[PDB]
Amino acid sequence: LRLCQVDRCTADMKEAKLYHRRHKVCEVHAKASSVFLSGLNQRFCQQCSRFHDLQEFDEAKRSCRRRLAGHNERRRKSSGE
Ligand SMILES: [Zn+2]
Ligand SMILES: [Zn+2]
């Protein structure tokens, strides 16, 4: 079944799980070392289960920046009149 978003993919999903068949992804692509998508390097994100570019990933952790990294409260504007 050829239902993988990744182009130039030659993986056979004749017998895959509902987690790989539903999301339309390969087990090898799910936890691969940066796939070649649209020419650029795009890795998987177990956080959102979607696909994110490499520029978005950072640090030893290969996950999304949101939540993982931590935006923290912090302040921007001040109170006054
Ligand atoms: Zn694939
Ligand atoms: Zn994500």
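The numbering of chain A matches Swiss-Prot: 51-131, in order.
Yeah, the Cβs are placed from backbone N, Cα and C, and that goes for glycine too.
Some features that Swiss-Prot has for this protein:
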BINDING   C54, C59, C76, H79  Zn(2+) 1 binding site
BINDING   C95, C98, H102, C114  Zn(2+) 2 binding site
COMPBIAS  118-127  compositional bias 'Basic residues'
MOTIF     111-127  motif 'Bipartite nuclear localization signal'
ZN_FING   51-128  zinc finger
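Structural mapping of features recorded in Swiss-Prot.
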{"residue": "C54", "record": "Zn(2+) 1 binding site", "DSSP class": "coil"}
{"residue": "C59", "record": "Zn(2+) 1 binding site", "DSSP class": "coil"}
{"residue": "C76", "record": "Zn(2+) 1 binding site", "DSSP class": "coil"}
{"residue": "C95", "record": "Zn(2+) 2 binding site", "DSSP class": "coil"}
{"residue": "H102", "record": "Zn(2+) 2 binding site", "DSSP class": "strand"}
{"residue": "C114", "record": "Zn(2+) 2 binding site", "DSSP class": "coil"}
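Checking the binding-site residues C54, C76, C114 against ligand 1, the ones with a C-beta less than 6 Å from an atom of that molecule are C54, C76. Outside the motif 'Bipartite nuclear localization signal' (111-127), and at least 6 residues removed from its termini, the chain residues within Cβ reach (under 8 Å) are 93, 95-98, 102. Proximity of the binding-site residues (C54, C59, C76, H79, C114) to ligand 2: a Cβ under 6 Å from the molecule is found for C114. Shown are the binding-site residues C54, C76, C95, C98; of these, the residue with the fewest other Cβ atoms within 10 Å is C98. In the structure as shown, the Cβ atom of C114 (Zn(2+) 2 binding site) sits within 10 Å of 16 other Cβ atoms. Annotation for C59 (Zn(2+) 1 binding site): same-chain Cβ neighbours under 8 Å, separated by at least 6 residues, are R52, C76, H79.
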